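Presented below, as structure tokens, is a lone chain in the form deposited in one PDB entry.
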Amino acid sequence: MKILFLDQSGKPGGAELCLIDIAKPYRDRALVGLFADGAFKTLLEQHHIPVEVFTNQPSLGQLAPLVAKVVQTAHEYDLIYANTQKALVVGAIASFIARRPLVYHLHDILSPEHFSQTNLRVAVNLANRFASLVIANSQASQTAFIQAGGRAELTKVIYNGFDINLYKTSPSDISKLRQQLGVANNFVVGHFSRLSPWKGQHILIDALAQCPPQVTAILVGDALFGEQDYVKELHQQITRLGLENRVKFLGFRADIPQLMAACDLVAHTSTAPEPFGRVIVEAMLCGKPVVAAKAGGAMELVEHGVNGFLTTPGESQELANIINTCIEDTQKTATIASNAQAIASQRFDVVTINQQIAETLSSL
């Protein structure tokens, strides 16, 4: 089985990173076709995954040369695996023209709040008619596809997988890192995300206002071209609350597992429902208490008070109450954190996930 993976983006978003992991086992018999050049192409090359950028530059493919290129490529492969919406449109056309089955891996919540109805109708219809299988990254994604008119019987939920041993950090690396960061005597709440209003860093900051003074926040991630007004707003907020010495912006970091290990609590505080929070799973695999916003995929990841905490999105006082619970009940909090590592290792191990994908592919 040769796979032609298709993905519309040149940028490594959540779906693209997941595709690295999905594709690696097949990298001697696969090609990732991108519709844009970018950093994602480079990351695929760094991982020895063949990659090609298909463009609309000039079979009778002069009619639609992008499509015609994809079709022509597809003849050499046995299956087309579309990883994003536009890849699903093009992959659907290519699928019947080249006579190859199609899998759609749905990484989005197909909500009419975030996608135009046109795009939704087209995506749903093409999936329903041409896709042999729709892989959904969560029950939340699966339910949204169905509510939009997708055929429920086509769907199977397969969660994102992780190399679980990448998330183990020694006590002595932890202690050093907290020292260098200057947070060794603090209760450290980490937020790991790009700085964006949807990601809710301002909610953590409002909750910090309600936390004892030894509580400090580390914000890990970078700002982006589109959301400069937000970064300005965070800085002002923090100074307006008098929190300038209790919030550290670390910028973009590659050592996320280690940083997580050095936190005392990891907060996910997104204000819009997400399909699967990678960060929430990462925090759990690091053996850390995690608090998340109760929406989208998060609810399937965490059982409240068992292996993490869930709070109403956008509500800073409920988040502060969790943080305070974590300070005051040290024992319960370590047990939860230990439950989290155990359960996440069981559900989200990339070995298990890759087996599920392989079984599901041989099923067709």
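The term rigid core refers to the most C-alpha atoms you can superpose between the two forms while keeping them within 1.5 Å. All residue numbers are counted from 1 along the displayed sequence.
The following text describes the form deposited with a small molecule bound, which does not appear among the structures shown.
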Picking from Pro213, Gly242, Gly251, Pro112, the single residue whose non-hydrogen atoms come within 4.5 angstroms of the small molecule in the entry with it bound is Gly251
Only one of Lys156, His202, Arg151, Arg278 has a non-hydrogen atom within 4.5 angstroms of the small molecule in the entry with it bound; which is it? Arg278
Quick check for you: of 171-179, 285-293, 186-194, 74-82, which stretch puts a non-hydrogen atom within 4.5 Å of the small molecule in the entry with it bound? 186-194
Does at least one non-hydrogen atom of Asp222 fall within 4.5 angstroms of the small molecule in the entry with it bound? yes
Taking the shortest heavy atom distance, is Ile20 within 4.5 Å of the small molecule in the entry with it bound? no
Even though the partner isn't displayed, in the entry with it bound is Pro25 close enough to the small molecule, meaning a heavy atom within 4.5 Å? no
Heavy atom to heavy atom, is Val231 within 4.5 Å of the small molecule in the entry with it bound? no
If you fit the rigid core and then compare C-alpha positions between this form and the one not shown, only one of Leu177, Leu154, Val157, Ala148 moves by 2 Å or more. Name it. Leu177
Is there a C-alpha shift of 2 Å or more at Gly221 between this form and the one not shown once the rigid core is superposed? yes
Look at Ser196 and decide if its Cα position differs by 2 Å or more between this form and the one not shown after superposing on the rigid core. yes
Core superposed first: is there a CA shift of 2 Å or greater at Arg278 between this form and the one not shown? no
